[PDB]
Amino acid sequence: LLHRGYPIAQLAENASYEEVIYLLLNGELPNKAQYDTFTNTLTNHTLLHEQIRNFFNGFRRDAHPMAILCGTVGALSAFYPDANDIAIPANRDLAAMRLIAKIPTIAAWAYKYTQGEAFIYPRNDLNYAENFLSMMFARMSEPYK
Amino acid sequence: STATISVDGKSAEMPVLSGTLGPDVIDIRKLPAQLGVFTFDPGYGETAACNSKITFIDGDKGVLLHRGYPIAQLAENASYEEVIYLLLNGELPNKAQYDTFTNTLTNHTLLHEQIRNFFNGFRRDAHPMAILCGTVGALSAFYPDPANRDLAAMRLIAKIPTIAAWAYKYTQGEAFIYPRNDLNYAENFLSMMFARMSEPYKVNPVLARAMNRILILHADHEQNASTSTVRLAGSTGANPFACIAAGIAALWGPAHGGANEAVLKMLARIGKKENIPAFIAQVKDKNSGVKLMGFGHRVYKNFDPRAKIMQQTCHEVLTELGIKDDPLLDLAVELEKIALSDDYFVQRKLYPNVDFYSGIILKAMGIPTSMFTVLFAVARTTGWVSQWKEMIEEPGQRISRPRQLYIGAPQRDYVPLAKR
Amino acid sequence: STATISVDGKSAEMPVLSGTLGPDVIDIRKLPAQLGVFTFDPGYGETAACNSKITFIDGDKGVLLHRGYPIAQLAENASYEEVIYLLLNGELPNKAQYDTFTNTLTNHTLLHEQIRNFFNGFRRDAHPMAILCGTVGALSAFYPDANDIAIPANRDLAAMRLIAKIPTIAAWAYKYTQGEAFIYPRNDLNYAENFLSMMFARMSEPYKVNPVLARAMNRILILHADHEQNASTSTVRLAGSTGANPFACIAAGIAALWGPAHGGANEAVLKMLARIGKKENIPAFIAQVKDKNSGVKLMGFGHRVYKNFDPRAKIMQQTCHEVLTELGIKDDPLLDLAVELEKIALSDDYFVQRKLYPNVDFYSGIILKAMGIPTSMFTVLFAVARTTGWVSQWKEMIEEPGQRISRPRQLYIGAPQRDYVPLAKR
Ligand SMILES: CC(C)(COP(=O)(O)OP(=O)(O)OC[C@H]1O[C@@H](n2cnc3c(N)ncnc32)[C@H](O)[C@@H]1OP(=O)(O)O)[C@@H](O)C(=O)NCCC(=O)NCCCC(=O)O
Ligand SMILES: CC(C)(COP(=O)(O)OP(=O)(O)OC[C@H]1O[C@@H](n2cnc3c(N)ncnc32)[C@H](O)[C@@H]1OP(=O)(O)O)[C@@H](O)C(=O)NCCC(=O)NCCCC(=O)O
Ligand SMILES: O=C([O-])CC(=O)C(=O)O
Ligand SMILES: O=C([O-])CC(=O)C(=O)O
């Protein structure tokens with residue numbers, strides 16, 4: 001298994017998830033300037049439009065998380081009508097980046113919804129993997145470590 | 001040892017049972033079979049309804065013990081959590097047991113977020129006791145399912161303060177504040193009730209210590225009306241969360257826990273010492289309906305030991321808060337003196353009870369009168385679940401189902417509407 | 001006349017009171033002052049807790065009367081509303097009283113719209129009894145003037161509001177669990193018809209009330225309206241004795257009724273019957289029931305008072321046959337099983353020696369299921385009907401001259417006095 005030529009074992013052992021995201025999306029491993037720009041863009045899109053909270057309420061608390069993910073991501077398409085028919089290349093990148101940045105937030109909120117737990121927001125000081133753990137497991141009663 | 005009951009020209013022996021402390025009792029469980037009659041005791045005041053190892057009260061002597069420990073020693077030295085452990089389990093916890101116990105409580109203080117919707121079903125001007133009763137009753141829906149008894153008990157003790165604080169916040173139009181694991185039971189309740197979204201809340205240690213003592217003083221009181229309601233509803237095998245809502249309903253009555261709110265309104269209406277005579281005359285005016293709220297007890301026929309501690313605490317807290325005078329407390333103390341030297345009260349053995357001085361302390365802590373009985377309910381939830389658990393785990397537990405004396409119409413036939 | 005109680009050398013006379021019907025009772029209100037002891041009666045089965053003019057039960061004879069009228073006569077002839085008036089007021093209503101009464105009920109069937117929000121606090125899989133308990137408890141917030149006893153007329157109004165609103169709350173609870181739109185009360189329908197409509201009307205077509213089901217509902221409500229000092233009514237009286245808001249007191253009654261040893265037994269009975277499934281499996285079940293350390297019971301049998309057939313169970317069985325016949329159902333497997341189970345139990349010494357007979361909950365679920373009511377709503381239906389008895393009992397208790405708080409004693413058998421021990425020395 002190779003990703004843009006790189007064996008999966010080498011990437012799993014040495015790369016940060018974000019480096020692999022950049023690799024799969026763009027074709028090459030990112031240098032530092034590219035890496036910073038890429039991750040800054042992801043953090044700048046992790047927050048969801050608050051109206052989205054209402055969509056979760058359409059589900060019973062015992063709904064399977066995949067059903068919540070499917071429907072809510074589908075719903076997310078409504079917030080980006082310019083994506084309905086894209087011609088400009090920069091716009092395809094932005095759509096891709098918004099999906100990569102928002103899916104973890106939607107996923108964690110889906111989990112919290114099924115548990116009856118308060119939604120936890122993404123944190124810019126946490127990387128992709130750390131932020132997903134925080135959003136899924138932080139509680140309102142103490143700081144999450 | 002037996003007692004003999006004779007009626008109709010027939011006698012029968014009844015077992016006489018003795019407790020660790022307190023009066024002996026006559027076992028009448030076989031009375032109908034033996035003599036064909038029931039006892040008649042509206043109010044239940046002369047009927048021992050159950051065995052209990054939780055709390056002892058000697059009403060004539062003004063004694064109150066929890067698992068054998070005097071209330072004054074627990075109020076003076078124990079943390080409320082130690083007292084909760086004690087009432088639920090039977091003994092004071094060692095360090096390991098205590099740490100495990102407080103860990104479990106903090107693990108269940110958070111509410112299922114859908115619960116937020118319940119609060120919206122109320123008008124903002126709803127009395128907090130109504131919010132508490134309905135919301136705790138509703139909570140039974142989230143827990144449809146021994147260690148399971150312990151878990152139900154712990155969930156109720158851990159959650160009632162959060163529900164109570166959220167009810168308060170709702171009435172004020174304020175954002176709900178979440179429980180904090182770094183705060184103990186008393187501190188956390190103060191934080192949840194008073195923290196604001198505009199600044200970090202700083203728990204005032206003087207208030208925390210006062211809260212700790214108030215919770216202990218209201219934790220349990222043997223077979224009072226609310227605990228009796230919890231036991232009766234629970235005897236059918238009913239969900240314990242629903243049983244606690246039943247207890248909350250009973251406690252709300254002004255003859256019970258509701259008396260603490262009624263006391264402050266009474267004192268405020270009297271206004272000043274010069275108005276006590278007019279009030280006392282109303283109380284003695286047999287037919288006025290007016291009672292000296294915060295006085296009297298079904299069991300105590302002497303000073304309520306909790307009232308003495310409540311008064312000391314009023315003095316101690318006001319001093320610590322730098323308050324030199326509290327007109328309301330001065331008024332209450334004078335009213336107590338006047339009633340206690342009047343034959344009407346002396347003859348009836350009426351003395352201050354736990355509710356006479358509690359509102360005064362609570363008000364000094366910034367707690368609104370609309371929340372006095374709810375605070376009582378938060379503390380008493382510990383007693384309620386301890387009593388429920390003892391009742392439901394007892395070998396030979398049966399449903400509570402009394403009899404009556406029928407004094408209505410004799411048998412008669414139904415007449416159709418056209419002929420009425 | 002008096003009774004004599006002698007204990008520890010001393011003797012004292014106790015008044016003996018007699019009722020219109022039923023056993024004489026020994027007034028022990030001065031027992032502690034006279035002999036320094038209390039009676040001991042866990043379960044309260046041998047203690048008359050109050051005077052009442054509402055309902056009479058002769059347990060040994062299997063007789064049930066409401067304000068003097070036999071239950072069979074009321075179930076056969078009366079409308080549920082007539083029985084509600086009777087239990088609440090003391091006499092059957094004349095035409096003018098009846099019309100005024102029913103007009104008052106229809107005038108209070110609608111709920112304050114903010115109440116919709118409360119239902120949203122429940123998960124959709126919430127048991128309806130929990131929704132009913134919590135929501136009725138919440139209703140107390142809307143009637144704060146009721147936190148007070150004071151005026152007679154205000155107690156009548158609280159009772160009428162509870163009787164008129166419970167069916168709406170119950171129906172909305174059902175609709176909520178089904179994900180169905182709430183159906184409002186209709187003034188052109190009577191109490192039974194309206195409940196069926198609120199429970200089963202759909203937004204896609206007009207609802208046609210089936211008279212067969214309306215008559216069955218009318219009977220069902222009458223059969224569950226009141227039953228003297230049962231656990232839930234006793235809970236209502238205990239809570240109400242403190243002066244507590246009657247709406248909160250009804251929530252307390254609902255909590256007590258939910259227990260499987262009380263009203264919850266009707267849901268338990270149908271589940272038990274379904275598990276037995278076939279008559280060939282009865283022996284195995286009866287063996288578990290007769291097994292001393294198994295705790296399994298023949299749900300729907302036994303009673304604290306009846307030591308004979310429950311007159312309501314006889315009418316309930318008869319109603320099952322009548323309803324199934326009118327609906328055109330030639331056979332009901334579960335009814336057949338229940339009848340055979342009754343015969344087997346009634347001819348077995350375990351049950352005969354204990355005087356265990358079918359009670360009101362043994363045949364009720366069969367009728368309700370035939371009416372299209374789901375098992376999750378059986379106890380809620382019981383609660384809707386019983387609210388009438390609960391408020392009638394509450395009203396009698398609170399208006400009685402000399403009413404006092406209900407507060408029993410106990411036999412303390414715990415630890416003797418001991419001094420507090422610091423944490424480090426435990
Ligand atoms: C607490 C209690 C409900 C006890 O009720 P109960 O055991 O039935 O008292 P009781 O009916 O035997 O009263 C005996 C006599 O004292 C009178 N009495 C009792 N409490 C009285 C009071 N607070 N003020 C004036 N008179 C009172 C009764 O009217 C009766 O007088 P009569 O014989 O002339 O009729 C009652 O004393 C009362 O209503 N007190 C005021 C309300 C209150 O403070 N409740 C809080 C109690 C503690 C709690 O539950 O939190
Ligand atoms: C209805 C009731 C709770 C009455 O309780 P209670 O008055 O305390 O009965 P009890 O404890 O004095 O029982 C006497 C004997 O009959 C037994 N017994 C009672 N009901 C029994 C039943 N349904 N099946 C098997 N045995 C039963 C008891 O075990 C006891 O036997 P032992 O003396 O050998 O131990 C009980 O009969 C019961 O649990 N029945 C099944 C549940 C039920 O149908 N409840 C609905 C009742 C009506 C209602 O409230 O809607
Ligand atoms: O014990 C009683 O009857 C009332 C009481 O003081 C309490 O419940 O605290
Ligand atoms: O009377 C009882 O104890 C229980 C009962 O049958 C009822 O409440 O209908």
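Order of the sequence lines fixes the chain letters, A, B, ..., with proteins taken first and strands second; residue numbering starts at 1 for each chain.
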For residues 206-231 of chain B, which residue pairs qualify under ring pair (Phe, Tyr, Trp, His ring centres under 6.0 Å), counting only residues two or more places apart or in two chains?
B:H218-B:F376, B:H221-B:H297, B:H221-B:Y300
If we ignore angles and hydrogens, is there a donor and acceptor under 3.5 Å between the side chains of C:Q417 and C:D419?
yes
Residue of the set B:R149, B:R231, B:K53 for which salt bridge (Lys or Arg N to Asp or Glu O under 4.0 Å) holds with B:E390
B:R231
Partner residues of B:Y357 under the ring pair (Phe, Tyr, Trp, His ring centres under 6.0 Å) criterion, sequence neighbours left out:
none
Picking from B:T135, B:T109, B:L139, what satisfies side chain to side chain contact (heavy atoms under 4.5 Å, CB included) with B:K159?
B:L139
Who pairs with C:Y420 by ring pair (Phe, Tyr, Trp, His ring centres under 6.0 Å), at least two apart in sequence or on another chain?
none
State the OH-OH distance between B:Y85 and B:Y80, to the nearest 0.5 angstrom.
16.0 Å
Side chains of B:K363 and B:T369: does their closest heavy-atom pair fall under 4.5 Å?
no
Would you please name every residue forming a ring pair (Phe, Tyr, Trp, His ring centres under 6.0 Å) with B:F279, sequence neighbours left out?
none
Which heavy atom of B:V378 sits nearest to which heavy atom of B:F189, and what is that distance?
CG2-CZ, 4.1 Å
Pairing residues for B:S370 by the side-chain contact (heavy atoms from CB on, under 4.5 Å) criterion, not counting sequence neighbours:
B:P128, B:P368
C:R409: side chain to side chain donor-acceptor pair (under 3.5 Å) partners, not counting sequence neighbours
none
Using a cut-off of 6.0 Å, state whether more than 12 heavy atoms not belonging to B:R269 lie near its atom CZ.
no
Under the salt bridge (charged side-chain N to carboxylate O under 4.0 Å, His left out) test, residues paired with B:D150 that sit two or more places apart
B:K389
With a sphere of 6.0 Å drawn around CZ of B:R116, does it hold more than 12 non-hydrogen atoms of other residues, nucleotides or ligands?
yes
Got a sec, which residues hit ring pair (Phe, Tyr, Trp, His ring centres under 6.0 Å) with B:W166, two or more places apart in sequence or on another chain?
B:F176, B:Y178
Audit row: B:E222, C:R407, salt bridge (charged side-chain N to carboxylate O under 4.0 Å, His left out) steps and yes/no
CA-CA 10 Å; B:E222 208 230 60; C:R407 202 296 187 196; 2.7 Å; yes
Give me each pair satisfying ring pair (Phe, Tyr, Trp, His ring centres under 6.0 Å) with a member in residues 307-351 of chain B, each pair once, sequence neighbours excluded.
B:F303-B:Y351
With sequence neighbours left out, write down each residue that passes side chain to side chain donor-acceptor pair (under 3.5 Å) with C:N245, or none if nothing qualifies.
C:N147
Look up atom OG1 in B:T102 and atom CG in B:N107, then write down how far apart they are to the nearest 0.5 Å.
11.0 Å
Partners passing salt bridge (charged side-chain N to carboxylate O under 4.0 Å, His left out) against B:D285 (at least two apart in sequence or in another chain)
none
Answer yes or no: does atom CZ of C:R426 have more than 12 heavy-atom neighbours from other residues, nucleotides or ligands under 6.0 Å?
yes
Run the numbers on B:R209 and B:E320 for salt bridge (charged side-chain N to carboxylate O under 4.0 Å, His left out), then give the verdict.
CA-CA 11 Å; B:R209 283 185 294 266; B:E320 263 191 289; 3.2 Å; yes
With sequence neighbours excluded, residues passing side chain to side chain donor-acceptor pair (under 3.5 Å) with B:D342:
B:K284
Can you confirm whether B:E82 sits close enough to B:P93 that some side-chain heavy atom of one is under 4.5 Å from a side-chain heavy atom of the other?
yes
